[PDB]
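One chain comes next, on its own, written as C-alpha cells: the form deposited in one PDB entry.
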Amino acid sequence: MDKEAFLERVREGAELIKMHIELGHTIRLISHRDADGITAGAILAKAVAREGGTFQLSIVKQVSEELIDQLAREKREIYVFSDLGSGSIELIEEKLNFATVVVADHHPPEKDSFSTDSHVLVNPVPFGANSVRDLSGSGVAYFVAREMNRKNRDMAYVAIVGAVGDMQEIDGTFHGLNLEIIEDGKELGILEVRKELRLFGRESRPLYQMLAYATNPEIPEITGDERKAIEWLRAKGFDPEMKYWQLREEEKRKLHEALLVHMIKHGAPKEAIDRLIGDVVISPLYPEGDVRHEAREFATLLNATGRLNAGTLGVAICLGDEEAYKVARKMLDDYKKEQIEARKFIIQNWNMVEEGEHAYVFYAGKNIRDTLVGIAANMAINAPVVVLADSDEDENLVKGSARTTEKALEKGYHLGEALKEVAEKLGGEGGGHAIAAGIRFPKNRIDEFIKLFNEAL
C-alpha cells in the first residue's frame, strides 16, 4: 500500500494546518454528516483546539458547487475538508485557489493530487489502499491529527466509531491502517476488542430487538419478525427483555452457539454465518449500558443526530460534552414520540386517503412533519403508497415520499423515475430509487400530482 508515501501526504497536510494556527488564522473545517464524517470533524476540531488555535466547523450533507461558492465568499486563509472533497478536486481548485486547502478523505479521488501548491490531498486510495476496508474518513483525520500532535491518539476510539459507522469491519475484523488506530487505543486503554455478537443493540436494546434488527448478517426466521425473536429466545432459555451487555460471558457464548446452530439449519449463507461473531469495539471511558460504550451503538447515535440537522451536536458528544449528549438524547426521544404519533394519525385518518388506480395518496397537511413523511408510508403498508405533508422550511411547498413492496416492483411500478417525471412537470425537485423516493412540489397542485403520478405507472 506504500504507507510511507501516504504518511508523507499526512505530514504535509498536518504542517499546513499547524502553520496557519501559528499565524492565528481561523481553521475552516468542513465535514460529512454521518458517523464517519461527524467523528472526523470532531478529531480535527480537537486537534486545532489542542494547539490553542481557532476553528469554525460546518457539518454538511455533501460537497456542492453552491457550497464551495459560499465558502469562497468567506475568503478564509485555509479550508479543511474531512470525509469529503475527493470527487471535487477540480471544483475546489477552481474556486478556492486563493487559500490553503487540505482534503482528508478516503473516497476514490478525481485526481491523485492537486495541481496547485497550496492544496494537499490526504487520501490513501491513490497509494493503493482499499477505500472500504483500509481506512475511513475519521481514520484519515486521525492520522493527520496524530501527526500534528501525538496527544491526539486519545481520539483513537472516536476514529474507530467512524470506521465502524463506515462499515470498515464488515468482514468481521479490521484491516489496513485501521489496525494501527486500534493498537493506539489499546496502548492508551481507551478501547478494547472483543469477540462477540456483531449486531446492533449491545448496550441499549433488549435481546429480542437486537435479533429482530439483525443486519450484516441477517438471521433467518428472526430478522424482521419481532415476535419470533421473543419466541426463539424464550425456548433457548434467555430473557428477551434483558440486554446483551448484562449477560455473563457464559450466557453470551451460549447465545452465540444457539444462533449459529439456527442459521446453519435454515440454510444461511456461509459468508453471513462467518460474520455473526467477530470484532466488537468497546471503550472503558464510558459506563457499560451506555450507547457510547460500543462503537456501533455510538455510530448509530451520531448518524441520528446528523439526520436531524444536529451534526455538530454529535461532534460535541465525541469531544466529551455530557450536556450535548443530554440534549441529543432528549431530541431523539422527542423524535421517537413524533413517529408513534404520526403513525397513529395514519391509522385514525385513513378515511381521508385518495383511492388511486396505480397508487395511494395521503395528505397529512401540517400534522406530520416532512421528515416523518418517509417512514409514514412504510407503516401504512406494514398494517405503492405516497404520503404528502406541508413543508416546515417552506410554505407553498409539500414534501412527499413513495414506498412500495417487491410484489409491485415485480410488475413494473418504478417509483423513482415516475416521481422524477411528475416532478419535472409540476416544476419541482424529485426522484430517488426504485422502492423509495422523495419529491418537493407546489402545494396548490396536489390534485394535479395524484393524476400525473398514476399515469406515470
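Residue indices: 1-based, along the sequence shown.
Chemist: Using none, 1 to 3, 4 to 9 or 10 or more, say how many deposited residues go missing between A383 and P384.
Modeler: The entry leaves 4 to 9 residues without coordinates here.
Chemist: Looking at the deposited entry, does 128-136 or 248-256 carry the larger mean Cα B-factor?
Modeler: Of 248-256 and 128-136, the stretch with the higher C-alpha B-factor average is 248-256.
Chemist: Which wins on mean Cα temperature factor, 279-287 or 87-95?
Modeler: Looking at the record's C-alpha B-factors, the answer is 87-95.
Chemist: Considering only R445, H433, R11, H20, which residue's Cα atom bears the greatest B-factor as recorded?
Modeler: In the PDB entry, the greatest C-alpha B-factor among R445, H433, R11, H20 is found at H433.
Chemist: Of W350, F298, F143, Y325, which one's C-alpha B factor is largest in the deposited record?
Modeler: So the option with the highest C-alpha B-factor is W350.
Chemist: Which third of the chain holds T404 when residues are ordered by C-alpha B factor: lowest, middle or highest?
Modeler: Within its chain, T404 is a highest-third residue by C-alpha B-factor, going by the deposited values.
Chemist: Split the chain's modelled residues into thirds by Cα B-factor; is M210 in the lowest, middle or highest one?
Modeler: For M210, the deposited C-alpha B-factor lands in the middle third.
Chemist: Select lowest, middle or highest to describe the third in which the CA B-factor of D36 falls within its chain in this entry.
Modeler: It belongs to the lowest third of the chain when residues are ordered by C-alpha B-factor.
Chemist: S113: which third of its chain by C-alpha temperature factor?
Modeler: It belongs to the middle third of the chain when residues are ordered by C-alpha B-factor.
Chemist: Give the position of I219 by CA B-factor within its chain, expressed as the lowest, middle or highest third.
Modeler: It falls in the top third of the chain.
There is another form of this protein, the form deposited in another entry, and it is not shown here; the text below is about that form.
Chemist: Please indicate which of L91, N349, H293, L332 marks the hinge of the motion between the shown form and the other one, where one rigid part turns against the other.
Modeler: Looking at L91, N349, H293, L332, only one falls at a hinge: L332.
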